[PDB]
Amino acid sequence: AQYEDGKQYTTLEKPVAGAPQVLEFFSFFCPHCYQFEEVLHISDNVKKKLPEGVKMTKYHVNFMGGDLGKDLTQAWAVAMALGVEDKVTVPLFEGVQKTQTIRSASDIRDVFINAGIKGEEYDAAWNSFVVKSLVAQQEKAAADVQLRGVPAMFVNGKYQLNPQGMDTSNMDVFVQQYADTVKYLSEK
């Protein structure tokens, strides 16, 4: 077959009921995640090829960067709650991996302030129980699939993308193979 289990994807022996249709996991400490966001624009290109009736979810994980990794999962919860993901994703990645100006929760906060989220609004969100449950959701979705690595994409809680088994000579060709694989799995 052209798409083979164990090739462009793997199947979970322990499928996850009620899971989001397209579920993506990342860390701001994760070097391939940086590439996926700034150079490949994976999420955007997957979206462009998905049918509608399909929503896309993206969660941060704790297992990289210790204390600050956890602060980042809470910050991502804040971003989701305020709907400001598209405003903070790039400066968070760059502050962590490029300029290394993110060393504390306050430095994370600075990124939101400079992107125009209000001090009062950020702190209120940061401490909210809506954001607490949003952090719980991120952790639970990662736990459900026994996640030990990122970047990771899961389709309908039963297929896991396998980018190692795709061509990487050409970045554009890689992105289209990845996106087309998601579309295929989505129609499965």
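Each residue number is its position in the shown sequence, starting from 1.
Mean CA temperature factor is higher for 113-121 when stretches 113-121 and 68-76 are set side by side in the entry. Averaged over their C-alpha atoms, the temperature factors of 164-172 and 20-28 are higher for 164-172. Per the PDB entry, 129 shows the highest C-alpha temperature factor of the residues 129, 34, 59, 63. Annotation for residue 141: CA B-factor lies in the lowest third of the chain's modelled residues. In the deposited entry, the Cα temperature factor of residue 135 sits in the bottom third of values across the chain's modelled residues. Ranked by C-alpha B-factor against the other modelled residues of its chain, residue 153 falls in the lowest third.
Sorting the modelled residues of the chain by their CA temperature factor places residue 54 in the highest third.
In this PDB entry, residue 39 carries a Cα temperature factor that places it within the highest third of its chain's modelled residues.
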